[PDB]
Structures are given as C-alpha cells and as structure tokens.
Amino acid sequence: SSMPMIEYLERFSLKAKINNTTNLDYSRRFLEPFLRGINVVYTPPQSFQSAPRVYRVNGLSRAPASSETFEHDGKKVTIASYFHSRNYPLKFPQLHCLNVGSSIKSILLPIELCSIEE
C-alpha cells in the first residue's frame, strides 16, 4: 500500500498541516533536502485515464502550481490551469510542486497527486 505525500509531508518534514493557504516557499530550507532522494508514485487524475508511475524526486518547484508555467500546445499554462483544463481542478493550487524533471526538462507534479509506496 501507500501514503499520500500530503500526509507524509505533513508528518515528517513539516509539523503542520497543509491548508488552502500554506506557502511552502517558507518551509523550504529543510523541506527540499527532506524531499530530494525519495521515490513517489504519480497517480494521474482519473480524468487523464493514465496509469500511475514512479519518479525520483529532485526537489521543490521554485513557484506554486498557480504561478509556475510551462509550454503546452504552444501556450503558457500554469500547472494549476493545466490540471484544471484536463478536468481536475487542484485542491492546492498554491502549493509548490514536486520537481521530477531533469536539468533540461521540467516535470512538476502536484503533491496531492503523489504518494509514497510503503
């Protein structure tokens, strides 16, 4: 089985619970080194119709899902709008994302969609 990254964080690295308002940019000093090095299972929303898959985490995104952008079909979209327009409005759009991409290629995953296999 598995535990939600949201809980998993709430428990070992943060002490507090995430709410629609928490800003991880502040808990960053220790959060990132805490996260770097672990494996997570990305479970795409049911509306993506895609099988879960695993990634090594490299850290936190520099910005939250709502600010952080990438290129999709030749357009800027934030992580938040991307998930929204794929029929899954994020619960925490203000949360920073898990960075699983490499130096040349960004891949940012909303923490609510990530879990750790135990």
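From 1 onward, residues are counted along the sequence shown.
- Of the two stretches examined, 43-51 and 26-34, the record assigns the greater average C-alpha temperature factor to 26-34.
- Once the C-alpha B-factors are averaged per stretch, 8-16 and 104-112 rank with 8-16 first.
- Split the chain's modelled residues into thirds by C-alpha temperature factor. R86 is in the lowest one.
- Sort the modelled residues of the chain by CA B factor and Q94 lands in the middle third.
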